[PDB]
$ cat data.cif   # mmCIF, N, CA and C atoms
data_my_file
loop_
_atom_site.label_atom_id
_atom_site.label_comp_id
_atom_site.auth_asym_id
_atom_site.auth_seq_id
_atom_site.Cartn_x
_atom_site.Cartn_y
_atom_site.Cartn_z
N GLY A 122 -1.60 105.01 199.18
CA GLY A 122 -0.18 105.14 198.90
C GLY A 122 0.41 106.42 199.45
N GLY A 123 -0.45 107.35 199.85
CA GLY A 123 0.01 108.61 200.38
C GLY A 123 -0.01 108.60 201.90
N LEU A 124 -0.26 107.42 202.46
CA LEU A 124 -0.35 107.23 203.91
C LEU A 124 -1.44 108.16 204.47
N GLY A 125 -1.32 108.55 205.73
CA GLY A 125 -2.27 109.44 206.36
C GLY A 125 -3.69 108.95 206.58
N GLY A 126 -4.26 109.46 207.66
CA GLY A 126 -5.62 109.17 208.07
C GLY A 126 -5.78 107.99 209.00
N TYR A 127 -4.74 107.21 209.18
CA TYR A 127 -4.85 106.05 210.06
C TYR A 127 -4.51 106.28 211.53
N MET A 128 -5.22 105.56 212.40
CA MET A 128 -5.01 105.57 213.83
C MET A 128 -4.62 104.19 214.25
N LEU A 129 -3.88 104.06 215.34
CA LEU A 129 -3.49 102.72 215.76
C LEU A 129 -4.19 102.25 217.03
N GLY A 130 -4.93 101.15 216.93
CA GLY A 130 -5.64 100.51 218.04
C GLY A 130 -4.74 99.83 219.05
N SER A 131 -5.24 99.51 220.26
CA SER A 131 -4.45 98.76 221.25
C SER A 131 -4.24 97.30 220.85
N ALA A 132 -3.16 96.70 221.36
CA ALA A 132 -2.83 95.31 221.08
C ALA A 132 -3.86 94.39 221.61
N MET A 133 -4.10 93.35 220.81
CA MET A 133 -5.10 92.36 221.14
C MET A 133 -4.53 90.95 221.28
N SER A 134 -5.11 90.17 222.19
CA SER A 134 -4.82 88.74 222.32
C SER A 134 -5.15 87.96 221.00
N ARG A 135 -4.22 87.12 220.58
CA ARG A 135 -4.44 86.27 219.42
C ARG A 135 -5.46 85.16 219.79
N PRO A 136 -6.60 85.06 219.04
CA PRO A 136 -7.57 84.02 219.37
C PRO A 136 -7.08 82.69 218.87
N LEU A 137 -7.46 81.60 219.50
CA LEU A 137 -7.25 80.30 218.92
C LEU A 137 -8.27 80.20 217.75
N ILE A 138 -7.77 79.93 216.56
CA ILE A 138 -8.59 79.78 215.37
C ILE A 138 -8.47 78.42 214.72
N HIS A 139 -9.63 77.85 214.42
CA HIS A 139 -9.71 76.55 213.78
C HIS A 139 -10.08 76.67 212.31
N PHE A 140 -9.29 76.03 211.47
CA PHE A 140 -9.44 76.16 210.04
C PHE A 140 -10.09 74.99 209.31
N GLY A 141 -10.51 73.95 210.02
CA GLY A 141 -11.34 72.93 209.40
C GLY A 141 -10.60 71.71 208.91
N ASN A 142 -9.28 71.72 208.99
CA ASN A 142 -8.53 70.51 208.66
C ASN A 142 -7.23 70.48 209.50
N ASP A 143 -6.60 69.31 209.56
CA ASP A 143 -5.55 69.09 210.45
C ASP A 143 -4.37 69.96 210.04
N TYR A 144 -4.08 70.03 208.75
CA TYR A 144 -2.90 70.77 208.27
C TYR A 144 -3.00 72.25 208.51
N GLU A 145 -4.11 72.86 208.18
CA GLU A 145 -4.17 74.27 208.43
C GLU A 145 -4.13 74.53 209.93
N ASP A 146 -4.73 73.66 210.73
CA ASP A 146 -4.67 73.87 212.17
C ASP A 146 -3.22 73.83 212.68
N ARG A 147 -2.47 72.84 212.26
CA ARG A 147 -1.10 72.77 212.67
C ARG A 147 -0.30 73.92 212.11
N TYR A 148 -0.46 74.18 210.79
CA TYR A 148 0.19 75.27 210.08
C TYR A 148 -0.10 76.55 210.76
N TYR A 149 -1.35 76.81 211.09
CA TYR A 149 -1.67 78.03 211.79
C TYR A 149 -0.94 78.15 213.10
N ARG A 150 -1.02 77.11 213.93
CA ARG A 150 -0.35 77.09 215.20
C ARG A 150 1.12 77.43 215.05
N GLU A 151 1.73 76.87 214.03
CA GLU A 151 3.13 77.11 213.90
C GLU A 151 3.44 78.46 213.30
N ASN A 152 2.62 78.97 212.40
CA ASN A 152 3.05 80.18 211.72
C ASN A 152 2.45 81.48 212.20
N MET A 153 1.52 81.41 213.14
CA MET A 153 0.76 82.60 213.44
C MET A 153 1.57 83.78 214.01
N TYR A 154 2.77 83.57 214.56
CA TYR A 154 3.53 84.71 215.08
C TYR A 154 3.95 85.70 213.97
N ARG A 155 3.93 85.24 212.72
CA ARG A 155 4.34 86.02 211.57
C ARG A 155 3.21 86.94 211.12
N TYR A 156 2.03 86.83 211.72
CA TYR A 156 0.87 87.61 211.28
C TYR A 156 0.58 88.70 212.27
N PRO A 157 -0.13 89.75 211.87
CA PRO A 157 -0.31 90.90 212.76
C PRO A 157 -1.02 90.64 214.04
N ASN A 158 -0.66 91.41 215.05
CA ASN A 158 -1.35 91.54 216.33
C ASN A 158 -1.88 92.96 216.51
N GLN A 159 -1.91 93.71 215.43
CA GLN A 159 -2.52 95.01 215.48
C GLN A 159 -3.09 95.37 214.13
N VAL A 160 -4.03 96.31 214.16
CA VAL A 160 -4.73 96.67 212.96
C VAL A 160 -4.48 98.15 212.67
N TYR A 161 -4.47 98.50 211.38
CA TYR A 161 -4.50 99.88 210.95
C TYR A 161 -5.90 100.24 210.55
N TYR A 162 -6.28 101.48 210.82
CA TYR A 162 -7.61 101.90 210.48
C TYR A 162 -7.85 103.39 210.41
N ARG A 163 -8.97 103.76 209.79
CA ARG A 163 -9.40 105.12 209.66
C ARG A 163 -10.57 105.21 210.60
N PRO A 164 -10.78 106.42 211.24
CA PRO A 164 -11.89 106.43 212.21
C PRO A 164 -13.26 105.91 211.84
N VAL A 165 -14.16 106.00 212.81
CA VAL A 165 -15.53 105.56 212.66
C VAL A 165 -16.19 106.56 211.77
N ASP A 166 -16.00 107.82 212.11
CA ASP A 166 -16.52 108.96 211.40
C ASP A 166 -16.57 108.71 209.91
N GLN A 167 -15.48 108.18 209.37
CA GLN A 167 -15.37 107.92 207.93
C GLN A 167 -16.12 106.73 207.35
N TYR A 168 -16.87 106.03 208.18
CA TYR A 168 -17.62 104.83 207.76
C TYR A 168 -19.03 104.67 208.41
N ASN A 169 -20.11 104.58 207.63
CA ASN A 169 -21.41 104.33 208.23
C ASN A 169 -21.78 102.96 207.75
N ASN A 170 -21.11 101.98 208.34
CA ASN A 170 -21.30 100.58 208.07
C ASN A 170 -20.10 99.78 208.53
N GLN A 171 -20.24 99.14 209.67
CA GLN A 171 -19.21 98.29 210.23
C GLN A 171 -18.76 97.28 209.21
N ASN A 172 -19.65 96.91 208.31
CA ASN A 172 -19.32 95.92 207.33
C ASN A 172 -18.28 96.40 206.36
N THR A 173 -18.06 97.70 206.34
CA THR A 173 -17.11 98.28 205.41
C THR A 173 -15.77 98.42 206.04
N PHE A 174 -15.83 99.11 207.16
CA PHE A 174 -14.70 99.40 207.99
C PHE A 174 -13.85 98.19 208.13
N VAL A 175 -14.49 97.05 208.27
CA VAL A 175 -13.76 95.83 208.44
C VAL A 175 -12.95 95.54 207.19
N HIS A 176 -13.49 95.91 206.04
CA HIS A 176 -12.80 95.67 204.78
C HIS A 176 -11.64 96.63 204.72
N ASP A 177 -11.88 97.80 205.26
CA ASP A 177 -10.86 98.79 205.30
C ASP A 177 -10.19 98.59 206.62
N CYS A 178 -9.37 97.57 206.66
CA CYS A 178 -8.66 97.26 207.85
C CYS A 178 -8.04 95.99 207.44
N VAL A 179 -8.76 95.08 206.83
CA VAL A 179 -8.03 93.86 206.56
C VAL A 179 -6.98 93.99 205.46
N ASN A 180 -7.37 94.46 204.29
CA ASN A 180 -6.45 94.66 203.17
C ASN A 180 -5.33 95.66 203.51
N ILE A 181 -5.71 96.76 204.14
CA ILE A 181 -4.75 97.79 204.50
C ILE A 181 -3.69 97.27 205.46
N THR A 182 -4.14 96.61 206.51
CA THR A 182 -3.28 96.03 207.51
C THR A 182 -2.34 95.03 206.87
N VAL A 183 -2.85 94.17 205.99
CA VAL A 183 -2.00 93.15 205.39
C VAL A 183 -0.93 93.66 204.42
N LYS A 184 -1.23 94.63 203.55
CA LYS A 184 -0.20 95.18 202.65
C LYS A 184 0.94 95.80 203.44
N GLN A 185 0.55 96.63 204.39
CA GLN A 185 1.47 97.33 205.23
C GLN A 185 2.20 96.27 205.98
N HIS A 186 1.55 95.20 206.38
CA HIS A 186 2.28 94.18 207.08
C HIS A 186 3.31 93.48 206.16
N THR A 187 2.99 93.32 204.87
CA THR A 187 3.93 92.65 203.96
C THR A 187 5.16 93.49 203.63
N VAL A 188 4.98 94.80 203.47
CA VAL A 188 6.11 95.66 203.17
C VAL A 188 7.06 95.64 204.34
N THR A 189 6.54 95.63 205.55
CA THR A 189 7.42 95.60 206.70
C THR A 189 8.04 94.19 206.74
N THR A 190 7.27 93.20 206.26
CA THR A 190 7.67 91.79 206.14
C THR A 190 8.72 91.51 205.05
N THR A 191 8.57 92.15 203.89
CA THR A 191 9.55 92.01 202.81
C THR A 191 10.93 92.45 203.31
N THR A 192 10.97 93.52 204.09
CA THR A 192 12.20 93.99 204.69
C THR A 192 13.00 92.92 205.44
N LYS A 193 12.34 91.98 206.12
CA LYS A 193 13.13 90.98 206.85
C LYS A 193 13.62 89.84 205.95
N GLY A 194 13.30 89.91 204.66
CA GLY A 194 13.74 88.94 203.67
C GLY A 194 12.99 87.61 203.54
N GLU A 195 11.80 87.53 204.12
CA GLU A 195 10.99 86.31 204.11
C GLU A 195 9.79 86.50 203.18
N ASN A 196 9.12 85.41 202.82
CA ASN A 196 8.04 85.44 201.85
C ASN A 196 6.84 84.68 202.39
N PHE A 197 5.68 85.18 201.96
CA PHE A 197 4.37 84.61 202.23
C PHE A 197 3.79 83.74 201.18
N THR A 198 3.31 82.61 201.65
CA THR A 198 2.66 81.72 200.78
C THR A 198 1.24 82.26 200.72
N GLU A 199 0.45 81.63 199.87
CA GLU A 199 -0.94 81.92 199.63
C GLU A 199 -1.81 81.62 200.86
N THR A 200 -1.39 80.59 201.62
CA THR A 200 -2.01 80.17 202.88
C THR A 200 -1.85 81.24 203.94
N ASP A 201 -0.67 81.82 204.03
CA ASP A 201 -0.42 82.89 204.98
C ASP A 201 -1.42 84.00 204.80
N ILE A 202 -1.61 84.38 203.55
CA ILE A 202 -2.53 85.46 203.20
C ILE A 202 -3.96 85.14 203.60
N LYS A 203 -4.39 83.92 203.33
CA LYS A 203 -5.71 83.53 203.75
C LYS A 203 -5.91 83.56 205.26
N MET A 204 -4.94 83.03 205.98
CA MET A 204 -5.03 82.95 207.42
C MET A 204 -4.89 84.33 208.01
N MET A 205 -3.95 85.11 207.51
CA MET A 205 -3.81 86.46 207.97
C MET A 205 -5.05 87.31 207.79
N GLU A 206 -5.70 87.25 206.64
CA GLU A 206 -6.95 87.99 206.38
C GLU A 206 -8.06 87.66 207.42
N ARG A 207 -8.23 86.37 207.66
CA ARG A 207 -9.28 85.89 208.55
C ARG A 207 -9.09 86.40 209.97
N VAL A 208 -7.88 86.30 210.54
CA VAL A 208 -7.68 86.74 211.92
C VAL A 208 -7.68 88.25 212.09
N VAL A 209 -7.17 88.99 211.13
CA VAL A 209 -7.24 90.44 211.20
C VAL A 209 -8.69 90.89 211.06
N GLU A 210 -9.49 90.17 210.28
CA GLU A 210 -10.91 90.47 210.18
C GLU A 210 -11.61 90.38 211.52
N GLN A 211 -11.35 89.30 212.24
CA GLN A 211 -11.82 89.14 213.61
C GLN A 211 -11.37 90.34 214.46
N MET A 212 -10.12 90.72 214.30
CA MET A 212 -9.56 91.84 215.04
C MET A 212 -10.17 93.19 214.71
N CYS A 213 -10.48 93.43 213.45
CA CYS A 213 -11.10 94.67 213.04
C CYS A 213 -12.48 94.83 213.62
N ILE A 214 -13.21 93.72 213.70
CA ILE A 214 -14.53 93.70 214.31
C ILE A 214 -14.53 94.08 215.76
N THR A 215 -13.60 93.48 216.52
CA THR A 215 -13.44 93.81 217.94
C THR A 215 -13.06 95.30 218.00
N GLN A 216 -12.18 95.70 217.09
CA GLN A 216 -11.71 97.08 216.99
C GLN A 216 -12.89 97.97 216.68
N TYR A 217 -13.77 97.51 215.81
CA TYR A 217 -14.97 98.26 215.46
C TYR A 217 -15.81 98.48 216.71
N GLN A 218 -16.01 97.44 217.51
CA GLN A 218 -16.81 97.57 218.74
C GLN A 218 -16.31 98.73 219.61
N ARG A 219 -15.00 98.89 219.75
CA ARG A 219 -14.41 99.94 220.58
C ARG A 219 -15.28 101.10 221.04
N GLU A 220 -16.25 101.53 220.24
CA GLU A 220 -17.19 102.59 220.61
C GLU A 220 -18.61 102.04 220.73
N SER A 221 -19.16 102.10 221.94
CA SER A 221 -20.52 101.65 222.21
C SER A 221 -21.27 102.71 223.02
N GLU A 222 -20.63 103.15 224.11
CA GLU A 222 -21.06 104.32 224.89
C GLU A 222 -22.42 104.10 225.56
#

$ encode --input "data.cif" --output "structure tokens"
Amino acid sequence: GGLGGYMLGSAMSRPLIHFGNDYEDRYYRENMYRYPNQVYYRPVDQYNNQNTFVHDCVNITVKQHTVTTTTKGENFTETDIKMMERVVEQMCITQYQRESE
């Protein structure tokens, strides 16, 4: 709530994601522009476990995304939240890779 400590990663291509049924697939296709194409995060330094960092990226990215979202006067269903979490998770992982050297 005090902000700070976050860095912003480069923009990423939205992957085609399949959700296992016809409705979520169509729903996803239609609604995905409303979900993030970037992630918020704290450096690597602060995490010795990629499995964590990813958690600290999905929830953070989504709250911050909703506050900026509440401003435009629109609302998220429960499905949006599920779909948004899943794709940002994919994104955080790619983001995690960023350092290999």

$ resolve_selection --input "data.cif" --expression "the PyMOL selection byres ((chain A and resi 130) around 8)" --output "number ranges by chain"
A: 127-129, 131-133, 158-162, 216

$ residues_around --input "data.cif" --residues "region 169-184 of chain A" --least-positions-apart "6" --cutoff "10 Å" --atoms "only C-alpha atoms" --output "list in words"
residues 127, 156, 157, 159, 160, 161, 162, 163, 190, 202, 205, 206, 207, 208, 209, 210, 211, 212, 213, 214, 215, 216, 217 and 218 of chain A

$ write_last_selection --input "data.cif" --atoms "N, CA and C atoms" --output "PDB file, keeping the file's coordinate frame"
ATOM      1  N   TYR A 127      -4.740 107.210 209.180  1.00  0.00           N
ATOM      2  CA  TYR A 127      -4.850 106.050 210.060  1.00  0.00           C
ATOM      3  C   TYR A 127      -4.510 106.280 211.530  1.00  0.00           C
ATOM      4  N   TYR A 156       2.030  86.830 211.720  1.00  0.00           N
ATOM      5  CA  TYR A 156       0.870  87.610 211.280  1.00  0.00           C
ATOM      6  C   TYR A 156       0.580  88.700 212.270  1.00  0.00           C
ATOM      7  N   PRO A 157      -0.130  89.750 211.870  1.00  0.00           N
ATOM      8  CA  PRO A 157      -0.310  90.900 212.760  1.00  0.00           C
ATOM      9  C   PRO A 157      -1.020  90.640 214.040  1.00  0.00           C
ATOM     10  N   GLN A 159      -1.910  93.710 215.430  1.00  0.00           N
ATOM     11  CA  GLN A 159      -2.520  95.010 215.480  1.00  0.00           C
ATOM     12  C   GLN A 159      -3.090  95.370 214.130  1.00  0.00           C
ATOM     13  N   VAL A 160      -4.030  96.310 214.160  1.00  0.00           N
ATOM     14  CA  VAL A 160      -4.730  96.670 212.960  1.00  0.00           C
ATOM     15  C   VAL A 160      -4.480  98.150 212.670  1.00  0.00           C
ATOM     16  N   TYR A 161      -4.470  98.500 211.380  1.00  0.00           N
ATOM     17  CA  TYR A 161      -4.500  99.880 210.950  1.00  0.00           C
ATOM     18  C   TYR A 161      -5.900 100.240 210.550  1.00  0.00           C
ATOM     19  N   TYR A 162      -6.280 101.480 210.820  1.00  0.00           N
ATOM     20  CA  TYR A 162      -7.610 101.900 210.480  1.00  0.00           C
ATOM     21  C   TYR A 162      -7.850 103.390 210.410  1.00  0.00           C
ATOM     22  N   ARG A 163      -8.970 103.760 209.790  1.00  0.00           N
ATOM     23  CA  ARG A 163      -9.400 105.120 209.660  1.00  0.00           C
ATOM     24  C   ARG A 163     -10.570 105.210 210.600  1.00  0.00           C
ATOM     25  N   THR A 190       7.270  93.200 206.260  1.00  0.00           N
ATOM     26  CA  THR A 190       7.670  91.790 206.140  1.00  0.00           C
ATOM     27  C   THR A 190       8.720  91.510 205.050  1.00  0.00           C
ATOM     28  N   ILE A 202      -1.610  84.380 203.550  1.00  0.00           N
ATOM     29  CA  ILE A 202      -2.530  85.460 203.200  1.00  0.00           C
ATOM     30  C   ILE A 202      -3.960  85.140 203.600  1.00  0.00           C
ATOM     31  N   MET A 205      -3.950  85.110 207.510  1.00  0.00           N
ATOM     32  CA  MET A 205      -3.810  86.460 207.970  1.00  0.00           C
ATOM     33  C   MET A 205      -5.050  87.310 207.790  1.00  0.00           C
ATOM     34  N   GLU A 206      -5.700  87.250 206.640  1.00  0.00           N
ATOM     35  CA  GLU A 206      -6.950  87.990 206.380  1.00  0.00           C
ATOM     36  C   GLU A 206      -8.060  87.660 207.420  1.00  0.00           C
ATOM     37  N   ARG A 207      -8.230  86.370 207.660  1.00  0.00           N
ATOM     38  CA  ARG A 207      -9.280  85.890 208.550  1.00  0.00           C
ATOM     39  C   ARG A 207      -9.090  86.400 209.970  1.00  0.00           C
ATOM     40  N   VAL A 208      -7.880  86.300 210.540  1.00  0.00           N
ATOM     41  CA  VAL A 208      -7.680  86.740 211.920  1.00  0.00           C
ATOM     42  C   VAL A 208      -7.680  88.250 212.090  1.00  0.00           C
ATOM     43  N   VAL A 209      -7.170  88.990 211.130  1.00  0.00           N
ATOM     44  CA  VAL A 209      -7.240  90.440 211.200  1.00  0.00           C
ATOM     45  C   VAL A 209      -8.690  90.890 211.060  1.00  0.00           C
ATOM     46  N   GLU A 210      -9.490  90.170 210.280  1.00  0.00           N
ATOM     47  CA  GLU A 210     -10.910  90.470 210.180  1.00  0.00           C
ATOM     48  C   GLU A 210     -11.610  90.380 211.520  1.00  0.00           C
ATOM     49  N   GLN A 211     -11.350  89.300 212.240  1.00  0.00           N
ATOM     50  CA  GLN A 211     -11.820  89.140 213.610  1.00  0.00           C
ATOM     51  C   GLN A 211     -11.370  90.340 214.460  1.00  0.00           C
ATOM     52  N   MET A 212     -10.120  90.720 214.300  1.00  0.00           N
ATOM     53  CA  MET A 212      -9.560  91.840 215.040  1.00  0.00           C
ATOM     54  C   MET A 212     -10.170  93.190 214.710  1.00  0.00           C
ATOM     55  N   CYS A 213     -10.480  93.430 213.450  1.00  0.00           N
ATOM     56  CA  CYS A 213     -11.100  94.670 213.040  1.00  0.00           C
ATOM     57  C   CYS A 213     -12.480  94.830 213.620  1.00  0.00           C
ATOM     58  N   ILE A 214     -13.210  93.720 213.700  1.00  0.00           N
ATOM     59  CA  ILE A 214     -14.530  93.700 214.310  1.00  0.00           C
ATOM     60  C   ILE A 214     -14.530  94.080 215.760  1.00  0.00           C
ATOM     61  N   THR A 215     -13.600  93.480 216.520  1.00  0.00           N
ATOM     62  CA  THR A 215     -13.440  93.810 217.940  1.00  0.00           C
ATOM     63  C   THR A 215     -13.060  95.300 218.000  1.00  0.00           C
ATOM     64  N   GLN A 216     -12.180  95.700 217.090  1.00  0.00           N
ATOM     65  CA  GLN A 216     -11.710  97.080 216.990  1.00  0.00           C
ATOM     66  C   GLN A 216     -12.890  97.970 216.680  1.00  0.00           C
ATOM     67  N   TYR A 217     -13.770  97.510 215.810  1.00  0.00           N
ATOM     68  CA  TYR A 217     -14.970  98.260 215.460  1.00  0.00           C
ATOM     69  C   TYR A 217     -15.810  98.480 216.710  1.00  0.00           C
ATOM     70  N   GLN A 218     -16.010  97.440 217.510  1.00  0.00           N
ATOM     71  CA  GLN A 218     -16.810  97.570 218.740  1.00  0.00           C
ATOM     72  C   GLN A 218     -16.310  98.730 219.610  1.00  0.00           C
TER      73      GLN A 218
END

$ atom_distance --input "data.cif" --atom1 "atom N of residue 222 (chain A)" --atom2 "atom N of residue 125 (chain A)"
27.2 Å

$ closest_residue --input "data.cif" --among "A:155, A:220, A:167, A:137" --to "residue 187 (chain A)" --atoms "only C-alpha atoms"
A:155

$ atom_distance --input "data.cif" --atom1 "atom C of residue 145 (chain A)" --atom2 "atom N of residue 197 (chain A)"
16.5 Å

$ atom_distance --input "data.cif" --atom1 "CA of residue 138 (chain A)" --atom2 "atom N of residue 186 (chain A)"
20.5 Å

$ select_by_dssp --input "data.cif" --residues "chain A" --states "strand (DSSP E or B)" --output "PyMOL selection string"
chain A and resi 128-129+161-162

$ axis_aligned_box --input "data.cif" --around "region 190-198 of chain A" --padding-each-side "6 Å" --output "JSON"
{"center_x": 7.5, "center_y": 87.9, "center_z": 203.8, "size_x": 24.5, "size_y": 24.3, "size_z": 18.1}

$ select_by_dssp --input "data.cif" --residues "region 147-199 of chain A" --states "alpha helix (DSSP H)" --output "list in words"
residues 147, 148, 149, 150, 151, 152, 171, 172, 173, 174, 176, 177, 178, 179, 180, 181, 182, 183, 184, 185, 186, 187, 188, 189, 190, 191 and 199 of chain A

$ closest_residue --input "data.cif" --among "A:199, A:126, A:148, A:135" --to "residue 164 (chain A)" --atoms "all atoms listed in the file"
A:126

$ decode --input "data.cif" --residues "region 179-208 of chain A" --atoms "N, CA and C atoms" --output "mmCIF file, in the first residue's frame"
data_model
loop_
_atom_site.group_PDB
_atom_site.id
_atom_site.type_symbol
_atom_site.label_atom_id
_atom_site.label_comp_id
_atom_site.auth_asym_id
_atom_site.auth_seq_id
_atom_site.Cartn_x
_atom_site.Cartn_y
_atom_site.Cartn_z
ATOM 1 N N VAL A 179 1.654 -11.859 -9.709
ATOM 2 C CA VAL A 179 0.299 -11.969 -10.201
ATOM 3 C C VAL A 179 -0.720 -11.144 -9.424
ATOM 4 N N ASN A 180 -0.782 -11.331 -8.111
ATOM 5 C CA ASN A 180 -1.693 -10.573 -7.250
ATOM 6 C C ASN A 180 -1.431 -9.059 -7.317
ATOM 7 N N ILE A 181 -0.165 -8.685 -7.257
ATOM 8 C CA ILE A 181 0.213 -7.286 -7.292
ATOM 9 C C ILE A 181 -0.219 -6.602 -8.580
ATOM 10 N N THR A 182 0.094 -7.239 -9.695
ATOM 11 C CA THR A 182 -0.249 -6.749 -11.000
ATOM 12 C C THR A 182 -1.759 -6.607 -11.119
ATOM 13 N N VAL A 183 -2.510 -7.597 -10.656
ATOM 14 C CA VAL A 183 -3.961 -7.531 -10.805
ATOM 15 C C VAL A 183 -4.672 -6.464 -9.956
ATOM 16 N N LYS A 184 -4.283 -6.265 -8.695
ATOM 17 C CA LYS A 184 -4.908 -5.203 -7.879
ATOM 18 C C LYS A 184 -4.692 -3.834 -8.507
ATOM 19 N N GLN A 185 -3.439 -3.589 -8.854
ATOM 20 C CA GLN A 185 -3.024 -2.353 -9.437
ATOM 21 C C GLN A 185 -3.754 -2.267 -10.733
ATOM 22 N N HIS A 186 -3.949 -3.363 -11.439
ATOM 23 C CA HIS A 186 -4.676 -3.256 -12.668
ATOM 24 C C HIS A 186 -6.161 -2.901 -12.428
ATOM 25 N N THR A 187 -6.746 -3.387 -11.331
ATOM 26 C CA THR A 187 -8.163 -3.088 -11.063
ATOM 27 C C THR A 187 -8.405 -1.634 -10.645
ATOM 28 N N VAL A 188 -7.491 -1.067 -9.856
ATOM 29 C CA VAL A 188 -7.656 0.311 -9.431
ATOM 30 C C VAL A 188 -7.588 1.198 -10.644
ATOM 31 N N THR A 189 -6.709 0.889 -11.579
ATOM 32 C CA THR A 189 -6.619 1.720 -12.764
ATOM 33 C C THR A 189 -7.890 1.439 -13.587
ATOM 34 N N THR A 190 -8.399 0.211 -13.475
ATOM 35 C CA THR A 190 -9.632 -0.263 -14.126
ATOM 36 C C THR A 190 -10.923 0.329 -13.540
ATOM 37 N N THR A 191 -10.991 0.440 -12.214
ATOM 38 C CA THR A 191 -12.152 1.061 -11.557
ATOM 39 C C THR A 191 -12.327 2.492 -12.072
ATOM 40 N N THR A 192 -11.223 3.203 -12.249
ATOM 41 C CA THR A 192 -11.258 4.542 -12.803
ATOM 42 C C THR A 192 -12.028 4.675 -14.117
ATOM 43 N N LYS A 193 -11.986 3.677 -15.000
ATOM 44 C CA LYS A 193 -12.718 3.840 -16.256
ATOM 45 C C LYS A 193 -14.208 3.513 -16.130
ATOM 46 N N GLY A 194 -14.639 3.149 -14.922
ATOM 47 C CA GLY A 194 -16.035 2.865 -14.618
ATOM 48 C C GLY A 194 -16.611 1.500 -14.967
ATOM 49 N N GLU A 195 -15.744 0.535 -15.255
ATOM 50 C CA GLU A 195 -16.156 -0.815 -15.653
ATOM 51 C C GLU A 195 -15.855 -1.793 -14.512
ATOM 52 N N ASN A 196 -16.431 -2.991 -14.564
ATOM 53 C CA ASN A 196 -16.328 -3.962 -13.491
ATOM 54 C C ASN A 196 -15.931 -5.321 -14.060
ATOM 55 N N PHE A 197 -15.200 -6.043 -13.215
ATOM 56 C CA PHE A 197 -14.760 -7.411 -13.436
ATOM 57 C C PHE A 197 -15.575 -8.479 -12.816
ATOM 58 N N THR A 198 -15.857 -9.455 -13.650
ATOM 59 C CA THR A 198 -16.557 -10.581 -13.188
ATOM 60 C C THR A 198 -15.467 -11.446 -12.586
ATOM 61 N N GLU A 199 -15.908 -12.540 -11.983
ATOM 62 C CA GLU A 199 -15.095 -13.545 -11.352
ATOM 63 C C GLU A 199 -14.224 -14.303 -12.364
ATOM 64 N N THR A 200 -14.768 -14.453 -13.581
ATOM 65 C CA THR A 200 -14.087 -15.069 -14.727
ATOM 66 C C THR A 200 -12.909 -14.228 -15.171
ATOM 67 N N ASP A 201 -13.093 -12.926 -15.226
ATOM 68 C CA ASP A 201 -12.017 -12.026 -15.596
ATOM 69 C C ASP A 201 -10.820 -12.236 -14.711
ATOM 70 N N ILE A 202 -11.083 -12.317 -13.420
ATOM 71 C CA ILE A 202 -10.042 -12.501 -12.415
ATOM 72 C C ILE A 202 -9.299 -13.816 -12.605
ATOM 73 N N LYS A 203 -10.043 -14.878 -12.856
ATOM 74 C CA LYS A 203 -9.396 -16.143 -13.128
ATOM 75 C C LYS A 203 -8.509 -16.126 -14.361
ATOM 76 N N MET A 204 -9.028 -15.556 -15.434
ATOM 77 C CA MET A 204 -8.310 -15.523 -16.686
ATOM 78 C C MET A 204 -7.142 -14.571 -16.572
ATOM 79 N N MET A 205 -7.360 -13.414 -15.978
ATOM 80 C CA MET A 205 -6.279 -12.491 -15.772
ATOM 81 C C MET A 205 -5.126 -13.058 -14.957
ATOM 82 N N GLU A 206 -5.408 -13.744 -13.858
ATOM 83 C CA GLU A 206 -4.371 -14.382 -13.030
ATOM 84 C C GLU A 206 -3.486 -15.371 -13.840
ATOM 85 N N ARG A 207 -4.154 -16.213 -14.619
ATOM 86 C CA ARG A 207 -3.485 -17.252 -15.380
ATOM 87 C C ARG A 207 -2.513 -16.660 -16.404
ATOM 88 N N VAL A 208 -2.940 -15.666 -17.195
ATOM 89 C CA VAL A 208 -2.053 -15.113 -18.216
ATOM 90 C C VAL A 208 -0.929 -14.248 -17.653
#
